[PDB]
Amino acid sequence: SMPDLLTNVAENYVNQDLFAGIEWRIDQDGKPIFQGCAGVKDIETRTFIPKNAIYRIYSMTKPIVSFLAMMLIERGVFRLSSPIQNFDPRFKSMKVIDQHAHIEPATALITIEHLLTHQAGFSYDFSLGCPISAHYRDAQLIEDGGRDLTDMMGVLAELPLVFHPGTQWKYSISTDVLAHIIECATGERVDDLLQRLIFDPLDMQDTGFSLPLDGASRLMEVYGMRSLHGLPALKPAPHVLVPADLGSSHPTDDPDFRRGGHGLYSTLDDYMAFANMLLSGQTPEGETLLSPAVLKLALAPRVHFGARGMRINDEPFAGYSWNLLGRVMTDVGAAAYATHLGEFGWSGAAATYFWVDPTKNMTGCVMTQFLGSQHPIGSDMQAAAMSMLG
Amino acid sequence: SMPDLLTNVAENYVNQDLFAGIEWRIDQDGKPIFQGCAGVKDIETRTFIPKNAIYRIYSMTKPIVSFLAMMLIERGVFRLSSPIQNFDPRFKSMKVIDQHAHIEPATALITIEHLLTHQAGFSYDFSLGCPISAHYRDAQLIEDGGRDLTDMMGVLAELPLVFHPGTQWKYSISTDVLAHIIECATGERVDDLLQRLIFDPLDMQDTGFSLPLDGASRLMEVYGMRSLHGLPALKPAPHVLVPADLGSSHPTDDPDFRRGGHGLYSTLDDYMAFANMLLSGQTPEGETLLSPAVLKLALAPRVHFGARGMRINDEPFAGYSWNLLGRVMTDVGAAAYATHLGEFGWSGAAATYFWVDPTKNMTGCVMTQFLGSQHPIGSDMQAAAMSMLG
Amino acid sequence: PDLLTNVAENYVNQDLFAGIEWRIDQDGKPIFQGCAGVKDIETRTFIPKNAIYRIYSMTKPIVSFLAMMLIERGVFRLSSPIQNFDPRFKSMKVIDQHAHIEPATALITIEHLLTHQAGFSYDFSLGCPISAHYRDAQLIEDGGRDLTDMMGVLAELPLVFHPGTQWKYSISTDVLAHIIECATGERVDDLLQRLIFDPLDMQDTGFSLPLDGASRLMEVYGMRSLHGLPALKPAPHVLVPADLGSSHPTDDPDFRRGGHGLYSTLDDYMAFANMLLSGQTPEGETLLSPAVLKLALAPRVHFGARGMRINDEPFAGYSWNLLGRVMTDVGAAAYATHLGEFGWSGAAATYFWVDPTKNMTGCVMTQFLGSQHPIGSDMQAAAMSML
Amino acid sequence: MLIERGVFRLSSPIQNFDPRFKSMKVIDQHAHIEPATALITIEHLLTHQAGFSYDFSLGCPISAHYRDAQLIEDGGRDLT
């Protein structure tokens with residue numbers, strides 16, 4: 001009897017010219033219950049959303065790379081408490097800088113756990129008001145997509161952190177450091193490890209750091225005016241449907257391009273395979289990608305926040321704590337939109353969004369391409385899906 | 001389908017020359033589900049691990065002696081709140097020393113509970129940076145194994161504590177004080193009480209403070225460079241497979257040698273009988289060693305830690321609180337390796353380790369001999385076992 | 001011995017500074033003075049008579065003294081909100097290190113400007129939540145932009161704390177210079193000329209070179225930039241000519257600033273310093289009354305445990321008054337001084353002090369941007385030790 | 001006197017004159033060791049605010065290592 005609020009949210013966003021095209025799917029017990037799409041591939045030609053449409057998922061790369069870390073921990077490659085300097089000595093002797101210009105040596109070693117929890121003290125190029133982000137932009141960490149991960153990390157390693165490892169939380173480039181440390185610890189490339197440990201077993205054939213062979217025609221167009229590497233803006237970018245210029249930050253066909261915090265291309269269908277797996281740690285066939293005990297370890301609330309709560313550039317994530325893979329709902333009474341205790345997932349800067357809701361055996365994903373949305377489409381579709389499932 | 005991660009962890013430690021020989025067993029519902037061994041008795045001759053191999057379990061002595069205390073409390077010999085001075089007046093008039101050289105009388109009496117929780121204010125010879133450990137080494141408390149417990153306690157009793165009883169936590173010599181107070185309260189020897197109250201009923205024929213008659217040939221060789229009585233090192237001892245010199249701290253055939261905090265010899269099989277009993281407080285036959293209510297009293301979280309957490313010489317025990325017998329997992333979201341809420345146990349300095357996991361009806365023990373390991377083998381095998389049991 | 005000469009000649013001999021001049025006066029007459037080195041190391045020309053220096057932040061005490069004069073004359077007062085004179089500063093915002101922006105809960109006043117408690121920052125401020133936007137705006141870099149227009153760009157940026165609640169060395173003296181222009185209807189350079197330079201016979205001090213100044217201008221060395229990405233460690237101390245870009249022109253008849261930009265000479269700066277002992281010219285004409293001079297010099301901002309710091313460099317035992325630093329605890333001082341000693345310094349290593357307990361003034365002139373050697377304080381210590 | 005003569009000053013980091021004092025560590029009463037967050041200066045030495053201790057210091061987290069080192073005991077060892 002509840003109407004289809006999902007289609008309504010998405011059709012309105014498209015009809016109000018706020019997003020070009022949107023796809024979504026919600027699965028329960030591993031099968032789709034709701035799905036649809038709205039709009040077009042691009043508003044310039046109005047080509048229809050192709051099948052297996054491809055999206056830059058930006059930071060939805062993080063749960064994937066984090067899960068790989070959990071698999072390697074389970075396999076004994078390293079452990080939560082492993083100092084990353086053991087794998088890359090360039091991260092020995094870190095310094096810490098503060099807002100009063102004072103610099104001093106770090107009082108603790110950065111560990112694998114610090115990376116996964118964004119408590120290592122790293123920042124991000126786009127971070128507004130940050131004591132070190134100016135030096136990240138000068139270094140072109142995000143801007144220079146053509147630079148090999150290994151080389152970007154050498155440049156990052158020379159920069160000071162913005163607090164002592166383990167003592168604070170700040171959403172950061174640390175998942176990129178994780179990807180690198182993974183390469184250091186295993187002797188392998190993070191893209192190959194992903195391919196064989198996660199994508200192949202889950203049949204995510206369209207996911208990777210470059211377009212598939214027939215990928216160009218399926219790539220959704222990206223809009224919006226937010227920059228992830230420019231001088232951080234003092235007020236939100238205006239929400240205008242104008243193609244986004246990604247510069248050289250996000251190549252389509254660079255076989256060496258790989259990152260921990262962004263850069264994957266994927267599809268609604270591929271990302272839903274990953275999300276569904278998170279409900280159990282198994283492939284649909286029943287291969288174990290991660291044991292129940294280490295999955296519990298990965299999902300448990302690990303970082304708790306003060307009254308100010310979890311924030312990124314002052315944007316709130318109300319009632320969310322942080323676990324080893326991303327956000328997790330720890331207080332429905334503090335939540336700003338419909339959810340259930342234990343709901344988890346993450347999202348990407350081009351407005352892609354996903355969640356997993358263990359109390360409903362439910363997963364959801366909204367795919368779209370808008371950089372700097374002033375409308376939280378992801379949270380709106382989640383709310384809509386929540387309202388529709390009892 | 002999950003592979004045997006236990007054997008893999010252990011074979012790798014042996015093949016990388018990090019440990020000489022390792023045995024492990026994991027029981028569920030009181031029967032072995034996984035077990036194995038790797039390496040040899042000693043690398044000098046490469047003799048194979050004999051059956052019923054014997055290990056110095058060091059601080060895994062503590063849960064045993066603590067459990068005895070709980071049995072005597074149940075029997076009315078003393079109670080948690082009993083001031084120990086009631087049994088040994090040498091512990092009247094304690095003093096407290098601080099890092100600023102200031103000494104003053106203790107403001108509270110040390111109780112049986114303080115001993116079991118390491119909140120009595122005692123320290124340890126090996127304690128780095130401690131306001132009193134220098135005086136413990138001068139006194140040769142750990143070094144002089146040949147000294148009778150009763151006499152060592154008289155010497156210890158004259159020393160100041162490092163905080164007021166009940167006001168802080170510091171892992172200490174207090175289980176040795178407990179063993180002594182047990183002797184004072186009962187008129188009996190702690191080794192005889194152990195033998196008849198615990199070992200005999202559980203058929204632990206190879207456990208005790210001296211080698212059995214046929215014990216010498218079965219004693220595993222001990223390696224490593226950590227000293228438990230020397231000037232505390234400023235950085236970890238290098239991890240080298242070189243036989244360890246125990247001086248006279250750990251005699252093999254001294255019929256009067258007995259301690260509360262270390263000194264037992266045991267076997268994988270004996271220690272597993274003790275661990276399994278902890279799941280219920282009964283022998284396999286069904287004799288009650290400790291009622292459910294006093295077992296609940298012993299296992300409940302009793303000491304809680306600040307953000308710094310539980311630490312020993314600055315080594316962390318993440319997400320662990322302390323109960324009357326040793327560590328207990330109170331927050332899986334703070335844990336640094338795979339576990340379940342309520343998991344408990346302890347470990348010894350020669351890298352022996354055990355756990356009990358009530359949510360899985362599971363016990364595990366890893367036996368090895370390396371003093372000053374820079375690799376946490378115990379936690380690695382636990383993680384491996386966790387990953388293998390759903 | 002002549003400690004001042006030993007200190008200067010060793011600096012020159014270790015190739016740390018090209019040329020140095022110093023004079024120390026007592027009771028308005030010289031008691032120590034000298035010079036060492038050369039105008040430039042390239043030609044090894046001797047320091048010319050009446051050599052000219054970029055005094056950078058030694059501009060602030062002069063512009064601040066001008067403000068005190070206007071205050072005495074009723075043009076405005078310490079509590080005057082600057083928004084009254086330039087509405088572009090109505091509705092300020094405050095940004096923090098966590099990206100949070102909110103409206104300022106207090107109005108910026110004249111007093112806030114003089115005490116660097118307004119919440120403004122600086123282009124060169126390392127780790128600062130707003131300095132990146134100052135650099136992008138080219139506030140220091142673009143010397144060719146008229147003061148008035150530059151202020152318009154600055155006024156749109158957030159502060160880094162709520163006016164009156166913290167201290168941070170800042171562009172606020174430039175704002176002061178600008179607010180002076182708004183309040184008086186006159187230019188700050190003309191006001192300075194008329195009210196201060198002429199009465200003190202400071203004929204060589206101004207925002208552009210005199211007709212015969214080109215040959216007198218000391219060469220400037222060092223690699224510190226006041227507008228580039230703030231360095232994570234001090235640049236190497238090497239005598240190489242400094243590139244000033246378009247930040248500090250020599251003959252722009254419109255260049256005027258409050259926080260830097262004056263050219264001066266040792267002799268001229270000493271006349272200004274000597275005047276600060278009394279608020280009068282040598283002939284006895286009053287530039288500022290004793291009561292308002294007392295008001296200007298009294299310790300006004302006090303500091304906590306870290307003390308006064310600029311980009312984390314300490315000013316030990318110093319508090320702040322309306323003109324600059326003032327020694328309030330000799331037992332915390334890092335170099336010889338007396339209670340009440342005051343003055344300021346410039347980024348090219350110029351430095352001056354006034355010591356009322358000894359009727360003493362002193363000034364050290366050199367041109368080195370980014371010195372790793374506190375020459376100013378070394379020379380003050382030497383003079384103090386010679387009395 | 002040396003300060004007055006310009007040999008060094010109160011704020012001079014001692015590591016400038018003996019690099020063996022570059023990269024100091026700080027130990028606490030809980031066994032935790034971490035790098036020093038500030039450079040020892042001449043002024044720190046004169047005021048006993050450098051973090052050094054003494055062999056005879058009762059209850060001190062580092063004095064046992066001073067005694068083991070024989071810093072006071074071994075009068076025959078050259079200062080350097």
Side-chain angles (χ1 to χ4, degrees), chain C residues 22-33 53 55-73 78 114-116 173 176-177 191-205 258-259 262 264-301 315 318-328 337-346 350-365 376-377 379-380 383-384 387:
Chain C
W22 66 94
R23 199 221 292 171
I24 287 71
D25 285 9
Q26 192 162 45
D27 294 323
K29 314 327 188 74
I31 50 161
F32 308 135
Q33 64 194 310
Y53 300 78
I55 66 175
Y56 281 84
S57 287
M58 277 165 44
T59 296
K60 299 192 175 75
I62 290 168
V63 171
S64 305
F65 184 90
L66 174 68
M68 301 312 309
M69 288 174 86
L70 300 177
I71 284 167
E72 181 170 276
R73 290 153 193 229
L78 288 162
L114 288 155
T115 59
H116 294 271
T173 327
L176 181 56
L191 286 162
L192 286 175
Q193 203 61 55
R194 182 172 83 246
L195 295 206
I196 302 175
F197 305 160
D198 288 351
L200 287 181
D201 198 27
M202 303 162 55
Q203 311 155 190
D204 282 321
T205 302
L262 288 171
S264 200
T265 62
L266 179 58
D267 191 56
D268 277 11
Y269 214 94
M270 288 295 296
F272 173 72
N274 281 146
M275 177 274 301
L276 294 175
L277 284 166
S278 70
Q280 297 172 355
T281 69
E283 312 71 2
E285 162 178 333
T286 293
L287 298 187
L288 191 72
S289 68
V292 172
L293 186 63
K294 180 198 193 188
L295 185 74
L297 292 170
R300 182 163 298 265
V301 189
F315 299 75
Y318 287 102
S319 297
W320 192 259
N321 65 24
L322 297 166
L323 310 186
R325 87 182 172 260
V326 60
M327 169 51 47
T328 52
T337 177
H338 307 282
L339 206 58
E341 170 261 293
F342 67 92
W344 201 223
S345 57
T350 57
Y351 179 99
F352 84 101
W353 75 91
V354 177
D355 182 1
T357 71
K358 284 270 195 280
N359 297 332
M360 179 201 336
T361 59
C363 178
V364 180
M365 294 293 206
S377 71
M379 302 286 282
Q380 177 179 310
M384 293 286 168
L387 302 183

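These values consider heavy atoms only, across backbone and side chains, with no hydrogens, waters or symmetry-generated copies. In what follows, chains are A, B, ... by sequence order, proteins preceding strands, each numbered from 1.
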Any chance you could lay out the side chain to side chain contact (heavy atoms under 4.5 Å, CB included) test for C:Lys60 and C:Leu323, step after step, and finish with the verdict?
-> CA-CA 7 Å; C:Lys60 299 192 175 75; C:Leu323 310 186; over 6 Å; no

Carefully, step by step, assess C:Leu297 and C:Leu322 under the rule side chain to side chain contact (heavy atoms under 4.5 Å, CB included).
-> CA-CA 6 Å; C:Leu297 292 170; C:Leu322 297 166; over 6 Å; no

Run the numbers on C:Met379 and C:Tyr351 for side chain to side chain contact (heavy atoms under 4.5 Å, CB included), then give the verdict.
-> CA-CA 9 Å; C:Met379 302 286 282; C:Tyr351 179 99; over 6 Å; no

So C:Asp268 and C:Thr205, side-chain hydrogen bond (donor to acceptor under 3.5 Å, both in side chains) or not? Walk me through it.
-> CA-CA 7 Å; C:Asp268 277 11; C:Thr205 302; 2.7 Å; yes

Show your working on side chain to side chain contact (heavy atoms under 4.5 Å, CB included) between C:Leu114 and C:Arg300 and close with a plain yes or no.
-> CA-CA 10 Å; C:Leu114 288 155; C:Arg300 182 163 298 265; over 6 Å; no

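A heavy-atom distance below 4.5 Å is not found between the side chains of C:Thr350 and C:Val364. By the 4.5 Å heavy-atom criterion applied to side chains, C:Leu293 and C:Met68 are not counted as neighbours. Within the 4.5 Å cutoff, no side-chain heavy atoms of C:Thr115 are placed close to those of C:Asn321. When side chains are defined from C-beta on, C:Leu191 does not count as touching C:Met69, because their heavy atoms never get closer than 4.5 Å.
In this structure, OG on C:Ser57 lies 11.5 Å from CD1 on C:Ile62, to the nearest 0.5 angstrom. Taking CG of C:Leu262 as the reference point, atom CG of C:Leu192 lies at 6.5 Å (rounded to 0.5 Å). Note that OG of C:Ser345 is 5.5 Å distant from CZ of C:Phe315, once rounded to the nearest 0.5 Å. One distance of note links CG of C:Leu266 with CD1 of C:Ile55; it measures 11.5 Å at 0.5 Å rounding. To the nearest 0.5 Å, atoms CG (C:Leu66) and CZ (C:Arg194) are separated by 9.5 Å. Rounding to the nearest 0.5 Å places CD1 of C:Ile24 at 8.5 Å from SG of C:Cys363.
Ring geometry for C:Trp344 against C:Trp320 counts as perpendicular: the plane angle is over 60°, on a 0 to 90° scale with 30° as the lower cut.
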Review item, side-chain donor-acceptor pairs of residues 25-33 of chain C, under 3.5 Å, at least two apart:
unit_1	atom_1	unit_2	atom_2	d
C:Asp25	OD1	C:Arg23	NH1	3.4
C:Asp25	OD2	C:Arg23	NH1	2.7
C:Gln26	NE2	C:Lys358	O	3.1
C:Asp27	OD1	C:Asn359	ND2	3.0

Enumerate donor-acceptor pairs with a distance under 3.5 Å from any side-chain N or O in residues 269-281 of chain C to protein atoms, sequence neighbours excluded.
unit_1	atom_1	unit_2	atom_2	d
C:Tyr269	OH	C:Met58	O	2.6
C:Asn274	ND2	C:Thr361	OG1	2.8
C:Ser278	OG	C:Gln280	N	3.2
C:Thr281	OG1	C:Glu283	N	3.4
C:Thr281	OG1	C:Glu283	OE1	2.7
C:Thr281	OG1	C:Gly284	N	3.3
C:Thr281	OG1	C:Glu285	N	3.1

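The two residues C:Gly259 and C:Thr59 make their nearest non-hydrogen contact at C-CB, 4.1 Å. Residue C:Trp353 comes nearest to C:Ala383 through the heavy atom pair CZ2-CB, 3.7 Å, listed as atom of the first residue, atom of the second, then distance. Summarising the geometry of C:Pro356 relative to C:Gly340, their closest heavy-atom pair is CD-O, 3.5 Å, with the distance given to 0.1 Å. Between C:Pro299 and C:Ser319, the shortest heavy-atom distance links the atoms CB-CB, 4.3 Å.
With 3.5 Å as the limit, one finds a donor-acceptor pair spanning the side chains of C:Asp355 and C:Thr357.
A cation-pi geometry, defined here as NZ or CZ lying under 6.0 Å from the six-membered ring centre and within 45° of its normal, holds between C:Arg325 and C:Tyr318.
Residues satisfying the salt bridge (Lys or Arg N to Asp or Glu O under 4.0 Å) criterion with C:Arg73, sequence neighbours excluded, are absent altogether.
Ring to ring, C:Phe352 and C:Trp22 are not that close: their centroids are 6.0 angstrom or more apart.
Judged purely by atom type and a 3.5 angstrom limit, C:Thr173 has no side-chain atom pairing as donor or acceptor with the backbone of C:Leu176.
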